[PDB]
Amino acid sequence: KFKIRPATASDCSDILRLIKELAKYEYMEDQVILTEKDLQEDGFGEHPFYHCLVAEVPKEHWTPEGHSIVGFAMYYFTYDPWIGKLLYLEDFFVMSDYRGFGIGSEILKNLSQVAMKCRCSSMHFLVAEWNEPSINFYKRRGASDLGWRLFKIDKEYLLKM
């Protein structure tokens, strides 16, 4: 079977690896420039910038490379001025050979519990328009659609201001 649990500092290597795997699955692996050190400093200090749940499997089923972590979800809390606290699901991925065993479902169950405990009114998340399989996975679980134009201002300009 498997166990869903909060991430720990020692899971960052596995988390980074799964992040690159999902990005690759999204045809943009080259974009991942975050490192293990970043994940540790940003997720395991006094004030985390994100939170992760990971799926650990028994030794008999570790990956060929010898990895015990085969899935994860990264999230953090956001705020809507009209409704209040929201749980934001940032990244969600399960290794190919481990999909279809109920890991992603259990992860969503834990996420929902985190949401209710922190009294979030809803959970929001993005999905590549072409990623139909996942889309239907989410939809079958209450997922619904929700537009504007996302802009950004890099540190290059922020520093200026």
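Start at 1 with the first residue shown and count on from there.
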As recorded in the PDB entry, how many deposited residues are without coordinates between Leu146 and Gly147: none, 1 to 3, 4 to 9, or 10 or more?
4 to 9
Would you tell me which stretch averages the higher CA B-factor in the PDB entry, 117-125 or 100-108?
117-125
Where do the C-alpha atoms have the higher mean temperature factor in this entry, in 57-65 or in 22-30?
22-30
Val70 by Cα B-factor - lowest, middle or highest third of the modelled chain:
lowest
B-factor third for the C-alpha atom of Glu41 within its chain
middle
Is the Cα B-factor recorded for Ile135 in the lowest, middle or highest third of its chain?
highest
